[PDB]
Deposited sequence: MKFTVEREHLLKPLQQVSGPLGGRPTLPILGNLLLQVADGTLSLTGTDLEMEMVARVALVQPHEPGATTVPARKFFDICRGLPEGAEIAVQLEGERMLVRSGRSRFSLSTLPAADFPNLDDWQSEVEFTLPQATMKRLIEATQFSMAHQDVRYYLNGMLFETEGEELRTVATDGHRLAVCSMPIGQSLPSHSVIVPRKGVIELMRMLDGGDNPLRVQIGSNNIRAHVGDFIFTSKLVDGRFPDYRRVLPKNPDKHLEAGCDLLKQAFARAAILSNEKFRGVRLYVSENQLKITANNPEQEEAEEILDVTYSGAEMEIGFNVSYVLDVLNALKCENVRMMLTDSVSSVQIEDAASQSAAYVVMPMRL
């Protein structure tokens, strides 16, 4: 196995694939004028393909991922990196820098089982980025309800939808992708969502997604990501949307966020409770803690509806406001023991639902 490639063509691919001892290695394969790099944890797999425009020789091996990445990253801008297999070592040469890395056999590298694609669609990279970033923060953190630790990906009509929830708060985001899709839902584990997000470079290259009965695959440029799915019965976001909200509040997002952030300082450190008092064109936020300390914020808002008092975990509210990168926010309420819906005043593409504290 031999190849010689410029550093700039190796870096990004190594980065992408690098994020049983053999699981700490990358599989390198030279075949048909292409270098393939694969990384896996048994649950998911990233593969990059690199065209070889210089002389090269076929073969495969496996080398330490971090060490190989760190060597290439440490080399200077515009370096050429020559690689060849010698005995049980992989030699790397650039300029007058030389390295000999340990290897494990390519035949020992684990392969995910083959599976069949049941649903396929394409979408812009920016649509996937929007879908994930809109909801990722609402996924559970190591909940014993495993399905809550991942992200629901749902197809309905011509829309792709993400849903994330931890049993207390929920995020949902739907985007049109211009293709007739089957009605279908799968749960992607948290590590899969992180990787799916990482492979979005920020360019013209559109995403091709393939879903099987137990797997999902995403193709972007010269990268292929594959993950297992999660089994379990994911919550239905439709249940938890305020059915016919009679109370509507509109306020500046940043103003609201800064007031919640200040009030949070004097909230219970563990329970994070704040109280909202809504009245005509006014919101008051209060917080107090076991040390008897007290915060009060009063803000001008646009509010029609009856006066009411409602409690929330201020962290959940702040998370939503930080996720809403916008000028004005709309909140839709029912009563003090029911969920609140929070949205961008200018877009209905994402919705956030937070259940109150008694």
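Enquirer: Counting from 1 along the deposited sequence, which stretches were left out of the model?
Expert: In sequence order, the gaps with no modelled C-alpha are 20-26, 366.
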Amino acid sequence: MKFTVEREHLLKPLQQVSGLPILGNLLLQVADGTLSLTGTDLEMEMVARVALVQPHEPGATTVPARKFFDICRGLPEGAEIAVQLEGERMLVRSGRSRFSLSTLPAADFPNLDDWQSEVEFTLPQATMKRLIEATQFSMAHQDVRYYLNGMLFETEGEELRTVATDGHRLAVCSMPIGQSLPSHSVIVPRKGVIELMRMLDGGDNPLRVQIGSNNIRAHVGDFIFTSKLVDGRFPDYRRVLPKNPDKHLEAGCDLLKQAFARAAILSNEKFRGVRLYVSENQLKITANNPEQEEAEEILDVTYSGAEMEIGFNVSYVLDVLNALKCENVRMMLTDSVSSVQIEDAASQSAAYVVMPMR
From here on, numbers count along this sequence of modelled residues.
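Only the largest set of C-alpha atoms that superpose within 1.5 Å between the two forms is called the rigid core.
Enquirer: Core-aligned, which moves more in 8 other deposited structures of this protein: 182-190 or 266-274, by CA RMS?
Expert: When 182-190 and 266-274 are compared in 8 other deposited structures of this protein, 266-274 lies farther out.
Enquirer: Out of 284-292 and 161-169, which shows the greater rigid core-aligned C-alpha deviation in 8 other deposited structures of this protein?
Expert: Between 284-292 and 161-169, the one lying farther away in 8 other deposited structures of this protein is 284-292.
Enquirer: What stretch has the higher average Cα B-factor here, 109-117 or 278-286?
Expert: Averaging CA B-factors over each stretch, the winner is 109-117.
Enquirer: Would 56-64 or 301-309 have the larger average of its C-alpha temperature factors, as given in the entry?
Expert: So the stretch with the higher mean C-alpha B-factor is 301-309.
Enquirer: Going by the entry, which of 324, 35, 318, 27 has the most elevated CA B factor?
Expert: Of 324, 35, 318, 27, 324 has the highest C-alpha B-factor.
Enquirer: What's the residue among 172, 104, 181, 265 with the greatest CA temperature factor in the PDB record?
Expert: Reading the PDB entry, the winner on C-alpha B-factor is 181.
Enquirer: What third of the chain, by the recorded C-alpha B-factor, contains residue 127?
Expert: It belongs to the middle third of the chain when residues are ordered by C-alpha B-factor.
Enquirer: Report the third (lowest, middle or highest) to which the CA temperature factor of residue 241 belongs, ranking only the modelled residues of the same chain.
Expert: Top third by C-alpha B-factor.
Enquirer: Ranking the modelled residues of this chain by C-alpha B-factor as given in the entry, is residue 140 in the lowest, middle or highest third?
Expert: Within its chain, residue 140 is a middle-third residue by C-alpha B-factor, going by the deposited values.
Enquirer: By the recorded C-alpha temperature factor, relative to the other modelled residues in its chain, which third is residue 70 in?
Expert: Bottom third by C-alpha B-factor.
Enquirer: Please rank the C-alpha B-factors of the chain's modelled residues and tell me whether residue 293 sits in the lowest, middle or highest third.
Expert: Middle third, going by the recorded CA B-factors of the chain.
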